[PDB]
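So this block is work.txt, compact mmCIF, C-alpha atoms and all ligand atoms:
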```
# COMPACT_ATOMS: atom_id res chain seq x y z
CA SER B 5 -5.74 -0.07 14.39
CA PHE B 6 -3.38 1.33 11.69
CA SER B 7 -3.53 5.12 11.40
CA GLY B 8 -1.99 7.86 9.30
CA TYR B 9 -1.54 5.59 6.26
CA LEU B 10 -1.90 6.72 2.69
CA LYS B 11 -4.01 4.28 0.62
CA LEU B 12 -2.10 3.28 -2.58
CA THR B 13 -4.48 0.56 -3.89
CA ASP B 14 -7.54 -1.46 -2.65
CA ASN B 15 -5.19 -3.48 -0.39
CA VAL B 16 -1.77 -1.66 -0.09
CA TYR B 17 -1.21 1.22 2.40
CA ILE B 18 1.99 3.19 3.19
CA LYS B 19 3.32 5.43 6.00
CA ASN B 20 6.60 7.21 6.87
CA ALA B 21 7.23 5.33 10.12
CA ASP B 22 9.65 3.13 12.07
CA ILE B 23 8.22 -0.44 11.87
CA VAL B 24 9.41 -1.14 15.47
CA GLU B 25 7.45 1.83 16.82
CA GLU B 26 4.47 0.96 14.68
CA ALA B 27 4.46 -2.66 15.93
CA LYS B 28 4.62 -1.49 19.59
CA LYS B 29 1.71 0.94 19.02
CA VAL B 30 -0.57 -1.35 17.00
CA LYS B 31 0.46 -4.87 18.25
CA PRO B 32 -0.67 -6.31 14.83
CA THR B 33 -1.53 -9.98 14.30
CA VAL B 34 1.51 -10.23 11.95
CA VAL B 35 4.70 -8.15 11.68
CA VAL B 36 7.02 -9.03 8.74
CA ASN B 37 10.76 -9.20 9.36
CA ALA B 38 13.25 -8.54 6.52
CA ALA B 39 15.17 -11.72 7.31
CA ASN B 40 18.19 -13.51 5.86
CA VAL B 41 18.23 -17.33 5.34
CA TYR B 42 20.08 -17.91 8.61
CA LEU B 43 17.69 -15.75 10.71
CA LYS B 44 20.80 -13.79 11.92
CA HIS B 45 19.13 -10.48 12.93
CA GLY B 46 22.21 -8.24 13.00
CA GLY B 47 21.32 -5.03 11.23
CA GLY B 48 18.60 -3.14 9.44
CA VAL B 49 14.96 -3.87 10.19
CA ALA B 50 15.85 -7.37 11.59
CA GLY B 51 18.39 -5.95 14.03
CA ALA B 52 15.93 -3.29 15.20
CA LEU B 53 13.00 -5.76 15.68
CA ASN B 54 15.28 -8.20 17.54
CA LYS B 55 16.67 -5.44 19.84
CA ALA B 56 13.04 -4.47 20.75
CA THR B 57 12.44 -8.08 21.87
CA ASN B 58 15.53 -7.96 24.18
CA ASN B 59 17.13 -10.66 21.89
CA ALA B 60 14.28 -13.17 22.50
CA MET B 61 13.64 -13.21 18.67
CA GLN B 62 17.28 -14.26 18.03
CA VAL B 63 17.16 -17.01 20.74
CA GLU B 64 13.95 -18.42 19.18
CA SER B 65 15.41 -18.09 15.68
CA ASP B 66 18.64 -19.94 16.52
CA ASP B 67 16.61 -22.89 17.93
CA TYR B 68 14.46 -22.87 14.72
CA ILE B 69 17.59 -22.98 12.45
CA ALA B 70 19.24 -25.68 14.59
CA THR B 71 16.15 -27.87 14.01
CA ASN B 72 15.23 -27.02 10.42
CA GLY B 73 18.26 -25.59 8.62
CA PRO B 74 18.24 -22.32 6.69
CA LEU B 75 15.33 -20.85 4.78
CA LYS B 76 15.37 -20.48 0.97
CA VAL B 77 15.85 -16.97 -0.60
CA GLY B 78 12.20 -16.05 -1.45
CA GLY B 79 10.92 -18.19 1.46
CA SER B 80 9.58 -17.57 4.94
CA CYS B 81 8.67 -18.99 8.35
CA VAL B 82 6.16 -18.02 11.06
CA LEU B 83 7.59 -17.53 14.55
CA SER B 84 6.46 -15.65 17.71
CA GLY B 85 5.92 -11.91 17.54
CA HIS B 86 7.10 -11.58 21.18
CA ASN B 87 6.19 -8.13 22.60
CA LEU B 88 5.68 -6.70 19.04
CA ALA B 89 2.89 -8.76 17.42
CA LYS B 90 1.06 -12.09 17.82
CA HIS B 91 3.35 -13.56 15.08
CA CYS B 92 6.46 -12.59 13.12
CA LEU B 93 6.55 -13.65 9.47
CA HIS B 94 10.30 -13.88 8.66
CA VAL B 95 10.57 -13.31 4.88
CA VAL B 96 13.80 -13.54 2.87
CA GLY B 97 14.00 -11.17 -0.09
CA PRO B 98 17.01 -11.39 -2.40
CA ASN B 99 20.09 -9.44 -1.27
CA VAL B 100 21.51 -7.91 -4.53
CA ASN B 101 24.76 -7.06 -2.65
CA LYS B 102 25.31 -10.89 -2.52
CA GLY B 103 24.34 -11.46 -6.22
CA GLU B 104 20.91 -12.98 -5.46
CA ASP B 105 18.40 -13.05 -8.31
CA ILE B 106 16.03 -9.98 -8.08
CA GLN B 107 13.32 -12.20 -9.71
CA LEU B 108 13.05 -13.89 -6.31
CA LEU B 109 11.49 -10.64 -4.95
CA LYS B 110 8.03 -11.59 -6.31
CA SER B 111 8.31 -15.09 -4.67
CA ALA B 112 9.23 -13.36 -1.37
CA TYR B 113 6.13 -11.10 -1.52
CA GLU B 114 3.89 -14.15 -2.30
CA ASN B 115 4.42 -15.27 1.31
CA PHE B 116 2.31 -12.28 2.44
CA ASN B 117 -0.79 -13.78 0.74
CA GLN B 118 -0.99 -16.46 3.45
CA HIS B 119 -2.00 -13.73 6.04
CA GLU B 120 -5.13 -11.53 5.91
CA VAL B 121 -3.39 -8.44 7.22
CA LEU B 122 0.25 -7.56 7.86
CA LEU B 123 2.56 -4.74 9.01
CA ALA B 124 5.67 -4.89 6.77
CA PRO B 125 8.80 -3.20 5.45
CA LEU B 126 9.66 -2.93 1.69
CA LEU B 127 11.49 -6.16 0.92
CA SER B 128 15.08 -6.13 -0.44
CA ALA B 129 15.35 -2.32 0.02
CA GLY B 130 18.03 -0.63 2.24
CA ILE B 131 21.09 -2.77 2.94
CA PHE B 132 19.65 -5.54 0.71
CA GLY B 133 20.56 -3.27 -2.27
CA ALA B 134 17.42 -3.36 -4.44
CA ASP B 135 15.66 -0.26 -5.80
CA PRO B 136 12.81 0.61 -3.37
CA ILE B 137 10.61 1.95 -6.21
CA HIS B 138 10.89 -1.50 -7.84
CA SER B 139 10.14 -3.23 -4.48
CA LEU B 140 6.90 -1.19 -4.04
CA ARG B 141 5.74 -2.00 -7.58
CA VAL B 142 6.34 -5.76 -7.04
CA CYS B 143 4.49 -5.49 -3.68
CA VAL B 144 1.36 -3.86 -5.25
CA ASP B 145 1.40 -6.34 -8.21
CA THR B 146 1.84 -9.45 -6.05
CA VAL B 147 0.23 -9.01 -2.60
CA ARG B 148 -3.63 -9.44 -2.55
CA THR B 149 -4.05 -9.36 1.28
CA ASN B 150 -4.08 -6.12 3.34
CA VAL B 151 -0.52 -4.84 3.73
CA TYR B 152 0.53 -1.79 5.76
CA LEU B 153 4.02 -0.65 4.67
CA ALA B 154 6.18 1.29 7.12
CA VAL B 155 9.09 3.18 5.33
CA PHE B 156 11.39 4.89 7.83
CA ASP B 157 12.85 7.63 5.63
CA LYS B 158 10.90 10.75 4.83
CA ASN B 159 12.84 11.53 1.65
CA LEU B 160 12.36 7.95 0.33
CA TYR B 161 8.68 7.93 1.38
CA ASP B 162 8.08 11.18 -0.56
CA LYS B 163 9.88 9.77 -3.65
CA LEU B 164 7.86 6.50 -3.47
CA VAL B 165 4.51 8.36 -3.22
CA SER B 166 5.30 11.04 -5.85
CA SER B 167 6.47 8.49 -8.44
CA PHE B 168 3.70 5.89 -7.75
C1 LIG B 201 15.62 3.04 4.85
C2 LIG B 201 14.44 2.27 4.28
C3 LIG B 201 14.75 1.75 2.88
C4 LIG B 201 13.94 1.14 5.24
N1 LIG B 201 14.20 1.42 6.66
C5 LIG B 201 13.29 1.15 7.65
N2 LIG B 201 12.01 0.94 7.29
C6 LIG B 201 11.12 0.76 8.28
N3 LIG B 201 11.32 0.75 9.60
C7 LIG B 201 12.61 0.93 9.94
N4 LIG B 201 13.12 0.92 11.21
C8 LIG B 201 14.48 1.13 11.12
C9 LIG B 201 14.85 1.26 9.82
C10 LIG B 201 13.67 1.14 9.03
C11 LIG B 201 14.38 -0.24 4.80
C12 LIG B 201 13.50 -1.05 4.11
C13 LIG B 201 13.77 -2.39 3.88
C14 LIG B 201 14.96 -2.97 4.32
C15 LIG B 201 15.85 -2.14 5.02
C16 LIG B 201 15.58 -0.80 5.24
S1 LIG B 201 17.29 -2.68 5.72
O1 LIG B 201 17.04 -2.99 7.10
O2 LIG B 201 18.33 -1.73 5.42
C17 LIG B 201 17.56 -4.17 4.83
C18 LIG B 201 16.30 -5.03 4.85
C19 LIG B 201 15.21 -4.43 4.00
```
Please go through the file and, once you have read it, give me the structure as structure tokens.
Ligand SMILES: CC(C)[C@H](Nc1ncnc2[nH]ccc12)c1ccc2c(c1)S(=O)(=O)CCC2
Amino acid sequence: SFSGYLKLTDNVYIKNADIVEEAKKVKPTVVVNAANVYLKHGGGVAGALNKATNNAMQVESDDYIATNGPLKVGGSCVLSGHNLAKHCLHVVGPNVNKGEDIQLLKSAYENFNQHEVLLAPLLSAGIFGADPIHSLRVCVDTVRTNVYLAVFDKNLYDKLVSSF
């Protein structure tokens, strides 16, 4: 199971950890990917999860987009978790560096409520340009299911916990 997490609320937990390493250790039912609408897993969390699958996540993702078209910002899709989890929930948070509306961050976190328990990153943080403190607050105020957040930066983890 999940270990070494700090409990923030009745249902939100947080740890300073690499989500790829956490997925390989736990093999959760659901791992969330910080996806873009095209499912092009080039960098950040998406690039790291895809590299751990030996590119099998990208091959599956390109077939999904060829059939269905792109996702919406704030939307999601369920695909295989490959060697990392039973399933991967690909969720698109708004990328502020592309001028996407930050209000769509709450819609993105609502996708988590369709799963009883998930391993996830903070949406729209990092190269998506949003304030991580804001992302954690939207997470706690929107997600009702059990979410285990992996934040791979000790300095940011300490700032998130000390300001919570
Ligand atoms: C540095 C943290 C803010 C964090 N990094 C991480 N958090 C957890 N496992 C990780 N493995 C490798 C890095 C990594 C973070 C959280 C969310 C997002 C990104 C980064 S991003 O990939 O830059 C863009 C998408 C959203």
Residue list as a PyMOL selection string for point (27.2, -11.0, -0.5), cut-off 12 Å, all atoms listed in the file = chain B and resi 40+98-105+131-133
What are the centre and edge lengths in Å, to one decimal, of the axis-aligned box around all listed atoms of ligand LIG 201 (chain B) with 8 Å added on each side, as AutoDock Vina command-line options?
```
--center_x 14.7 --center_y -1.0 --center_z 7.0 --size_x 23.2 --size_y 24.1 --size_z 24.3
```
Could you please extract the residues within 7 Å of ligand LIG 201 (chain B), counting all atoms listed in the file, and hand them back as a PyMOL selection string? chain B and resi 21-24+38+47-50+52+125-132+136+154-157
Between CA of residue 137 (chain B) and CA of residue 74 (chain B) lies a distance of 28.5 Å
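The spacing separating CA of residue 164 (chain B) from CA of residue 33 (chain B) amounts to 26.0 Å.
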| query | Counting only C-alpha atoms, which of B:73, B:32, B:51, B:8 gets nearest to residue 89 (chain B)? | reply |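 Among the listed residues, the smallest separation from residue 89 (chain B) belongs to B:32.
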- Mind pulling up the distance from CA of residue 119 (chain B) to CA of residue 9 (chain B)?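 Interatomic distance here is 19.3 Å.
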Polymer residues at most 10 Å from residue 14 (chain B), only C-alpha atoms, same-chain spacing of 4 or more positions, as a list in words: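 Here the qualifying residues turn out to be residues 144, 148, 149 and 150 of chain B.
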Item to complete: Name the closest residue to residue 168 (chain B) among the candidates B:142, B:96, B:82, B:151; distances are taken between atoms, counting all atoms listed in the file.
Response: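 Among the listed residues, B:142 lies closest to residue 168 (chain B).
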Discussion item. Need the shell around region 66-71 of chain B: protein/DNA/RNA residues with any atom at most 12 Å away, counting all atoms listed in the file. Skip same-chain ones fewer than 6 positions apart. Format as a VMD selection string?
Written reply: chain B and resid 40 to 45 59 to 60 81 to 84 94
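Shortest atom-to-atom contact with residue 107 (chain B) among B:77, B:53, B:18, B:63: B:77, counting all atoms listed in the file.
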- Using only C-alpha atoms, find the one residue out of B:56, B:10, B:140, B:108 that sits nearest to residue 25 (chain B).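 Distance minimum relative to residue 25 (chain B) lands on B:56.
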